[PDB]
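Enquirer: Structure in C-alpha cells, see below.
Cβ placement follows ideal geometry from the backbone for every residue including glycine, while neighbour counts extend to all protein chains displayed. Where a number appears in this text, it was derived from the coordinates with a stated rule and is not lab data.
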Amino acid sequence: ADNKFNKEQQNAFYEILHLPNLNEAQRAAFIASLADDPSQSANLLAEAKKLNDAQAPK
C-alpha cells in the first residue's frame with residue numbers, strides 16, 4: 001500500500017557493514033534487527049554509527 005523505503009534498506013545494510021570500528025557482535029545484531037524490521041534501518045544506522053564512533057581510535 002504505502003511505499004516508504006526501497007534502496008535505502010540496502011544502503012543502510014551497506015553502511016552498517018562499512019562501519020570499520022563496529023564490533024562484529026554488534027554488526028551481527030544490527031543486521032539481525034534490520035532483517036527483522038527494515039523500518040529500523042535509520043535507527044540501527046544511528047546506533048551503529050554511534051558505537052562505531054565510540055569504538056573509533058580516538
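Enquirer: For the chain, what is the charge dipole size about the Cα centre, in debye to the nearest 20, if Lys and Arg each add +1 at the Cβ and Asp and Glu each add -1 at the Cβ?
Expert: Working: 6 positive and 8 negative charges, 42 e Å.
In total the dipole reaches around 200 debye.
Enquirer: Taking 0.36 nm per residue of sequence separation and subtracting the Cα-Cα distance, how much length would be gained by fully extending the chain between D53 and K7, in nm to one decimal? Walk me through the intermediate numbers first.
Expert: Working: separation 46, 0.36 × 46 = 16.56 nm, distance 2.46 nm.
Extra length from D53 to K7 when fully extended: 14.1 nm.
Enquirer: Treat each spin label as a single point 7 Å out from the Cα along the C-beta direction, and report the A32 to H18 distance in nm.
Expert: It works out to 2.5 nm between the two label points.
Enquirer: Please determine, in degrees from 0 to 90 and to the nearest 10, the orientation of helix 24-36 with respect to the longest principal axis defined by the Cα atoms of the chain, where the helix direction is its Cα long axis.
Expert: 10 degrees
Enquirer: Considering only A56, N43, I31, whose Cα is most displaced toward the positive end of the charge dipole of the chain, charges sitting on Cβ of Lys, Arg (+1) and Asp, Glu (-1)?
Expert: Farthest towards the positive pole: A56.
Enquirer: If you don't mind, there's one more thing I want to ask. So, counting K/R as plus one and D/E as minus one, what does the shell of residues with Cβ under 14 Å around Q26 add up to? Walk me through the intermediate numbers first.
Expert: Numbers: positive: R27, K49, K50; negative: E15, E24, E47, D53.
Summing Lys/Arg as +1 and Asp/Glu as -1 gives -1.
Enquirer: Find out how many positive minus negative residues lie around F13, taking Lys and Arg as positive, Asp and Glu as negative, among other residues whose Cβ is under 11 Å from that of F13. Could you put the intermediate results ahead of the total?
Expert: Details: positive: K7, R27; negative: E8, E15.
Surrounding charge for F13 is 0.
Enquirer: Return the Rg/Rh value of the chain, two decimal places, where both radii are evaluated on C-alpha atoms and Rh is the Kirkwood radius.
Expert: Working: Rg = 11.7 Å, Rh = 11.5 Å.
My calculation of the ratio gives 1.01.
Enquirer: What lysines could a cross-link reach from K58, if we take a straight Cα to Cα line under 28 Å and drop same-chain neighbours fewer than 8 places away?
Expert: In chain and number order, the partners are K49, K50.
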